Amino acid sequence: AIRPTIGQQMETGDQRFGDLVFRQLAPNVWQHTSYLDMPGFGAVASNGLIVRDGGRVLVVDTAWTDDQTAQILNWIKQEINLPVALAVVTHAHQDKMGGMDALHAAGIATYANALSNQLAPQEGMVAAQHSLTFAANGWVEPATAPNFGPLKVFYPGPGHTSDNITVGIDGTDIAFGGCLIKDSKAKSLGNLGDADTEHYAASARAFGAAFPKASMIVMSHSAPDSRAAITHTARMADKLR
Ligand SMILES: CC1(C)S[C@H]([C@H](NC(=O)[C@H](N)c2ccccc2)C(=O)O)N[C@H]1C(=O)O
Ligand SMILES: [Mn+2]
Ligand SMILES: [Mn+2]
Ligand SMILES: [Mn+2]
């Protein structure tokens, strides 16, 4: 078993594949987990999603590294055996965009918030090949998200970072909050170094309101949780103002 310093531990049902862990969340949704070994600190787990949409697969977030991301693609090849149509990455930090090069090498179309793409070079990341833009209420402009199938992308406002986006999985009760949302028992909001402390609470609540019927909330650094992850995150964020 992989036993990270930060992130959910392994439980029955989890599948180890190389350096990664996969968990099935729904008949057509899996969580991918990759681990950054921080020298002297141990492993930091990061989670994304894999969604089957008929004869194709859609990915949310890379792994920390290109090699780990290539392993995700290998797992998809083995277990699903369908092509990856596109990937969405949820902001311009290593845990979410560290593996862009592996996606590009594989010929997978990549999408991110326009702002994430603009920040990427300043964060030592490679930009996605396509930019998503958003309405004044946070919903993605549909023309910028062509053929996204069940992925419903929502920009909740600045929180964990100014560019953080979130993704609901239509046809399921799952929504993905990325690094914006922390678990219902969290002691902290993680790294606030790039955070908007004024708007964080409202942004967390906006995510909840965008996907009001989602009962399983997936996030970057803990196991899937209830909507209490959203409300607890917002309550922690209320204290920052
Ligand atoms: C897990 C984190 C505390 S670190 C990660 C991210 N940081 C990185 O991706 C850095 N490249 C990094 C540097 C040293 C050790 C780990 C990550 C961030 O600052 O939001 N996301 C944070 C978070 O989601 O709260
Ligand atoms: Mn981050
Ligand atoms: Mn993170
Ligand atoms: Mn402001």
# chains A, B, ... in the order shown; residues from 1 in each chain; ligands from 1
$ select_by_dssp --residues "stretch 7-235 of chain A" --states "helix (DSSP H, G or I)" --output "PyMOL selection string"
chain A and resi 66-79+94-97+100-105+114-123+142-144+200-210+228-235
$ residues_near_ligand --ligand "ligand 4" --cutoff "12 Å" --atoms "only C-alpha atoms and all ligand atoms" --output "list in words"
residues 157, 158, 159, 162, 195, 196, 197, 198, 199, 200, 201, 202, 203 and 241 of chain A
$ residues_near_ligand --ligand "ligand 1" --cutoff "6 Å" --atoms "only C-alpha atoms and all ligand atoms" --output "count of residues only"
6
$ closest_residue --among "A:124, A:156, A:212, A:178" --to "ligand 3" --atoms "only C-alpha atoms and all ligand atoms"
A:178
$ residues_around --residues "residue A:142" --least-positions-apart "6" --cutoff "10 Å" --atoms "only C-alpha atoms" --output "ChimeraX atom specification"
/A:132-135,148,152-153
$ decode --residues "stretch 112-134 of chain A" --atoms "C-alpha atoms" --output "PDB file, in the first residue's frame"
ATOM      1  CA  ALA A 112      -7.767  25.126 -19.199  1.00  0.00           C
ATOM      2  CA  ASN A 113      -9.099  28.463 -18.008  1.00  0.00           C
ATOM      3  CA  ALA A 114      -7.606  31.161 -20.242  1.00  0.00           C
ATOM      4  CA  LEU A 115      -6.126  32.647 -17.052  1.00  0.00           C
ATOM      5  CA  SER A 116      -4.513  29.292 -16.179  1.00  0.00           C
ATOM      6  CA  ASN A 117      -2.891  29.277 -19.605  1.00  0.00           C
ATOM      7  CA  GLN A 118      -1.629  32.838 -19.102  1.00  0.00           C
ATOM      8  CA  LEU A 119      -0.236  31.959 -15.635  1.00  0.00           C
ATOM      9  CA  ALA A 120       1.288  28.630 -16.714  1.00  0.00           C
ATOM     10  CA  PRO A 121       4.611  30.020 -17.993  1.00  0.00           C
ATOM     11  CA  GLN A 122       5.023  31.981 -14.763  1.00  0.00           C
ATOM     12  CA  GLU A 123       4.433  28.791 -12.744  1.00  0.00           C
ATOM     13  CA  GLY A 124       6.876  26.635 -14.736  1.00  0.00           C
ATOM     14  CA  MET A 125       3.979  24.830 -16.418  1.00  0.00           C
ATOM     15  CA  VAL A 126       3.168  24.176 -20.061  1.00  0.00           C
ATOM     16  CA  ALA A 127      -0.107  25.826 -21.133  1.00  0.00           C
ATOM     17  CA  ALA A 128      -3.055  23.799 -22.351  1.00  0.00           C
ATOM     18  CA  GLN A 129      -3.616  23.987 -26.093  1.00  0.00           C
ATOM     19  CA  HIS A 130      -7.097  25.519 -25.755  1.00  0.00           C
ATOM     20  CA  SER A 131      -8.534  28.192 -23.479  1.00  0.00           C
ATOM     21  CA  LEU A 132     -11.871  28.126 -21.674  1.00  0.00           C
ATOM     22  CA  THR A 133     -13.614  31.403 -20.946  1.00  0.00           C
ATOM     23  CA  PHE A 134     -16.421  32.093 -18.514  1.00  0.00           C
TER      24      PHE A 134
END
